[PDB]
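Reading through the structure tokens given below for one structure.
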Amino acid sequence: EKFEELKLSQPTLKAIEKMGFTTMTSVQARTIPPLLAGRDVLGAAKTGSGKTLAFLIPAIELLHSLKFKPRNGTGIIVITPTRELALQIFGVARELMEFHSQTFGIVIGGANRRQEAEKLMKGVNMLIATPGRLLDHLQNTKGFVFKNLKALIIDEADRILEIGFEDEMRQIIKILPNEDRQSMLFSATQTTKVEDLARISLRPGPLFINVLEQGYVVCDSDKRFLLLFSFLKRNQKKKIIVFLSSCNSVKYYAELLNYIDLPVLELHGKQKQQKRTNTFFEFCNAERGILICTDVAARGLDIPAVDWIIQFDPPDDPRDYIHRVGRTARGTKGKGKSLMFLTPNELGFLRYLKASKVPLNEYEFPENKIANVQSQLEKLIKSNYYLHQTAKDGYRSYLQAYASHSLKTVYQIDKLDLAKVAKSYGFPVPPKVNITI
Amino acid sequence: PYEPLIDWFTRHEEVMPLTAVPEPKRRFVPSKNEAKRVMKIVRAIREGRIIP
Amino acid sequence: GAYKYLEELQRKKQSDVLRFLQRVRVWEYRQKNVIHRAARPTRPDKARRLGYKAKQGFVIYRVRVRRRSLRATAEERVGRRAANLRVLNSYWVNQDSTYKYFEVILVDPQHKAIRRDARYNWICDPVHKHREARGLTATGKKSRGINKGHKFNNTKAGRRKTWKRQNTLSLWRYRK
Amino acid sequence: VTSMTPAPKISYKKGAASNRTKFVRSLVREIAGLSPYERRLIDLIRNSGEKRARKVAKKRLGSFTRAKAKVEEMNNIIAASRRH
Amino acid sequence: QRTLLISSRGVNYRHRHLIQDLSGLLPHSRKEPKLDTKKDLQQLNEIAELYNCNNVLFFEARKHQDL
Amino acid sequence: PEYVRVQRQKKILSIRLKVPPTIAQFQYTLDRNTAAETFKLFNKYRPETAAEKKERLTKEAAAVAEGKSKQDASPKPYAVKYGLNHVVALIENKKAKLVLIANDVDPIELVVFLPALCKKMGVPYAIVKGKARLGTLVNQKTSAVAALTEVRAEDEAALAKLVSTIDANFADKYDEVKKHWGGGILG
RNA sequence: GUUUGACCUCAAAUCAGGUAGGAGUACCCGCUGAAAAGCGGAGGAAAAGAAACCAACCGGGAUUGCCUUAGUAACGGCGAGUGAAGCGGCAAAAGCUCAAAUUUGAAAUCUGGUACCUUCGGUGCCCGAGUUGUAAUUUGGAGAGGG
RNA sequence: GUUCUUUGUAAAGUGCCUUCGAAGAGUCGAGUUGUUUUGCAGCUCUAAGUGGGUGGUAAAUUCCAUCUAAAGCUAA
């Protein structure tokens, strides 16, 4: 069916029109009448099917049917493992709530605690959060309007369990009310301990719908962005997609490289989704273009057969990266050459690549061929306030992305020279970011 | 008695500042208060109270 | 700013450097008079949080007192000496077995910087004559004991006040 | 008569300590050195144990929980100096 | 046995002089300066452990009226 | 007189007694040629005087008064930085490329944290001799601090070798004797 | 360089401009104090005054004063007698300012002298004061940077 | 009320988003002495920063309440 066929409030209709959605994906078209019906649900769907919007529509329907004040309650609660997925879900949800009247917020470990605290003191009518920081905010923030719980959703309980936040989740649900609460949850696969949390969460009986060499380039953390720029100039007139972690670094690298006037398309959660669709369409039809994107915005959509996969940032799911390069090779008869940047702290990832048993190719670097624009970068950052702030934001979100990373054995912040990271961003002195180290 | 000073805390060096204070706009652009004083002198010369 | 360094270093008084400076300065001030003019506050942060500004119309006296309170008497001495000045405030710096040392900020209401600059022009009012003589300073209000709390009860002068409450009788036109 | 939840006003003093003020205090600590009873106190730990150390520190102080913090602080100094 | 007598911050003078008299009574009692908290009491055990006392005595004065 | 008697009796009672090692880092200071080249550096970066400031203001204001709005272009002013809270403010970013510290301040405690603070922040501090010589290069009576951050490209190579010169001459020579209790020998 | 100069300190001025004292003292505020006197300091009022408050409630909301609380609580050879306060009702109602992180792309601040002017001042110029911090902005009820 | 001028990328306010988000130490407090009926003063000692002050509360390895001291002004 269509989104515009179903019974909806008119600002939600304007929202769906402006997000470009008319049609429905089939599994979400299945789950939406139980989503309106008020039953609990679990669901198996691929990461990036639009399954955010699938719950976003009847959640805002519930908030519209209840019309309660921002002081009145919180209601819709969203639990999501990754800070990046949290920002993507939030950025999709912003315009949806913006045509609506209610309130939207963020709770993320790695954000400023007095910020999130003051937002909770004001009250937030739709919460999106990481599991670890929720125990802090429920146990510590006073006066926060918790007793309502109109609903609750979990996304990718595989990833919560694979991180290991499930005990935190049990403490949360033991804090959570149940009788007003309905629980909806999406997870592409399932295990037993997923189902144990599901048996606690799902208050009625639910009906549920279930439907090769790599490049690796070891570089120091300062010169890696420069080498990306050099390799991108050398491979100009070849379409290449670069995978990042943080949307701020996406926007900043895109604005930077457009200031260096080589044509670059950005693709991130802060990008408006109609503009996002325009950029993806222009990349797919232009066939010689630079695409900067995060990991999971790239996960959310199928990829044309590309000259290069370049992964600059650390991965969200390395297992999904191993499956993703295999499905990329088997899907694309045109050869797509995959590479990842490495830092000399990261070589244990390589042995996990040796756990993946796929072959590996080391791609070498000449120190003579260095683009040498870093002085121009620093003069630019000392010049432009706007570029200075976007550079600081990419740096900040980059470090918070490392903070939010699961594999500590692959990534330790203690290993990293933040001076070189700042010089890669172009700062001679690393700016202060309030990060537990 | 007396004994030489222990430098336990100095020997670890901070690679970052203390405060995450955002940089102000006025550090990057030409100075505003300068220009207000300029326009003060301009208004005085337009009134002829200051001779060129 | 550097004032937080001075305050936190100031809280560690019996630390070696501060007692060294204290032991030098007590002898150095012992060379001079009972009352004299200091060029600058030796504890500038304490003077700031007591209200000092570095401009004309702010006079710093250093005063020596033998071991009322000692601090309030120290304020009364420089209040008697520089009558044209109005006493802003005072603070401890140093002491000996023989004498305690205080550093007192006084403000002149005659200087045009003080007569303008409306953060401080209130001290030009003749109701602010000799605040130390009436105990209207900070140490004066402490020794009078004027705050809010059940810990604060009728004490000495207020005791005579409530003795006054027992001493006078109130009668209306129509007797109640 | 039913309910209404106020936004709880917590003083900014009660929030936390900053990185800045911890840096300030710890940087004052090595510069100021030790006061003479602290010079006594580290030695008294090293000689006759934290029992007698806490007792002497409480005698130097007025109360007991401050003597806890003082002894724990000098233990932090010994741990910062001797191993490192 | 050794013994410890502890008061709270609440004092009236008639409320106070009894503690003096009791310290005059038991010599193995002590006359420690008064504690801050009327509410936290586990620390006193440590205090008795630091004073090697076998029975510890604590005086709570609520509102300068109740002992 | 009395004041001559006291100013001669001062610096006797100091050296007679044990000074703490956080003092006497002062007067373990920079030698002759290196301080000379440091002053040759900072006189290249004198700040603008009030007269020169007001003069340029009158020039550009007479320009706009004719109007005759010539252009809108000026790179930046570069100068030394000399406000004490401003000097500390330029640290804890860090921005101070070099700091000069006067040995003689009568409230010494204004200054005593600055060597340890630039030590932990890694800022190349140097203890200079005489705050009057600081005030001369900054159009004040005294200054007691001297921070320098922004340098033209003509002078940046001189800056780095001066930093290496100071870290050789100051940080290597006087670091262990900084820890030692100075003075104590009677007069 | 045995010279010269920055400072810093301390003196001196028949230098310029100001200011303190004494009287009175009904009321006010401090200090001392017997069987009150005294001292010191002000004003038309003074003081106090914007909670490190009161409460335990369906909470209240700077200070001041009146009525009530109340001759109660409490204290006292629990003898002589001493002797409150919360709340309530009313009068009156008013709130503000510093000190903490940089303006660093320009000490932006002010006294004084002089020349004029529309003079409880204004403008200009010049000495000074001031970075050992004068301005703007911010006093938790936050606030700041940006957008 | 009339009348003359006042802008210079001048100053401010409201909502939303983002990034931050620093405060009164010889003080608090403790002991003693005097003084007062609990404060004040002297002498000695002398702190903390999710801190501190104060009060109820307990089904008890308690919970909750309520303010921000050690800076200042303010008519009636």
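Residue numbers (this note's numbering), protein chains in the order written: chain A, 16 to 452; chain B, 4 to 55; chain C, 3 to 178; chain D, 208 to 291; chain E, 15 to 81; chain F, 3 to 189. Backbone N, C-alpha and C fix where the C-beta goes; we use that ideal spot for every residue, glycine too.
With respect to F/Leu116, F/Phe44 sits apart: the two C-beta atoms are not nearer than 8 angstroms. C-alpha of A/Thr156 to C-alpha of A/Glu133: approximately 9 angstroms in a straight line. Taking all protein chains shown into account, C/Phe154 has fewer than 16 neighbouring C-beta atoms within 10 Å of its C-beta and is therefore exposed. For D/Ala214, the nearest beta carbon of chain C is not closer than 8 angstroms to its own beta carbon. Taking C/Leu8 as reference, the option from F/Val113, F/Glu68 and F/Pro77 with the minimal CA-CA separation is F/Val113. Within the model, the alpha-carbon separation for A/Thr145 versus A/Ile168 is close to 12 angstroms.
Sorting A/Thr67, A/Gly65 and A/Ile92 by C-alpha distance to the C-alpha of A/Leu78 places A/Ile92 at the top.
Put simply, the CB of B/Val41 is near chain F, with a gap under 8 angstroms to one of its CB atoms.
Counting only runs of 3+ residues, the beta strand (DSSP E) found wholly inside the region 318-401 of chain A occupies 323-326, 352-357 and 375-377, in chain order. Using a 10 angstroms sphere on the CB of F/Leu119, the tally of other CB atoms reaches 16 or more, which defines it as buried. In the DSSP assignment, F/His88 falls within the unbroken alpha helix (DSSP H) covering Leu86 to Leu92. Between the alpha carbons of C/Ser99 and C/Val36 lies a gap of roughly 15 angstroms.
If you look at C/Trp124, you'll find it isn't in any alpha helix (DSSP H); DSSP assigns it neither H nor E. Three or more Cβ pairs closer than 8 angstroms define a contact, and the region 348-358 of chain A falls short of that threshold against the region 262-280 of chain A. In the displayed model, F/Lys83 falls within a strand according to three-state DSSP. Per DSSP, A/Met34 lies in no beta strand (DSSP E) and is assigned neither H nor E. In this structure F/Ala81 touches F/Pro49 by the C-beta definition: roughly 4 angstroms separates them, less than 8 angstroms. Taken in chain order, the whole beta strand (DSSP E) runs of length 3 or more contained in the region 226-255 of chain A are 229-233. The secondary-structure analysis by DSSP pairs A/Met199 across a beta bridge with A/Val56 and A/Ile168.
Setting aside the 5 residues that flank it on each side, D/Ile252 is surrounded in the same chain by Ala260, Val278, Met281, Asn282 and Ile285, each with a C-beta closer than 8 angstroms to its C-beta; the list follows chain order. Excluding five sequence positions before and after F/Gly184, the CB atoms of its chain that fall closer than 6 angstroms to its own CB belong to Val21 and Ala26, given in chain order. Taking all protein chains in view, the Cβ of A/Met136 is crowded by 16 or more other Cβ atoms within 10 Å, so the residue is classified as buried. E/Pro47 reaches chain D at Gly269 and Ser270, counting residues in chain order whose Cβ is nearer than 8 angstroms.
Using a CB distance below 9 angstroms, the part of the region 234-248 of chain D facing chain F consists of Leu234, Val235, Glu237, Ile238, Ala239 and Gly240, ordered along the chain. Note that the C-beta distance between A/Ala69 and A/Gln43 is below 8 angstroms.
Minimum Cα-Cα distance from A/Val448 among the listed residues A/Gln154, A/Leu433 and A/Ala52 corresponds to A/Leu433. Annotation: the continuous alpha helix (DSSP H) that includes B/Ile48 extends over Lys35 to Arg49. In the DSSP assignment, E/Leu19 forms a beta bridge with E/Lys45 and E/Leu71. Contact of C/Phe104 with chain F is not assigned, every C-beta pair being separated by 8 angstroms or more. Non-local C-beta neighbours of A/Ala213 in its own chain, meaning closer than 6 angstroms and more than five positions away in sequence, comprise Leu57, ordered along the chain. Sequence-ordered contacts of the region 222-233 of chain D with chain C read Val231 and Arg232 [C-beta pairs closer than 7 angstroms].
Taking the Cβ atoms as the reference, A/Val122 lies roughly 11 angstroms from A/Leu150, outside the contact range of under 8 angstroms. Rounded to the nearest whole angstrom, the C-alpha separation of A/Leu21 and A/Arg45 is 13 angstroms.
By the Cβ test, the region 435-443 of chain A is in contact with the region 393-408 of chain A, since at least three Cβ pairs between them sit closer than 8 angstroms. In this structure, the beta-carbon distance from A/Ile255 to A/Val340 does not fall below 8 angstroms.
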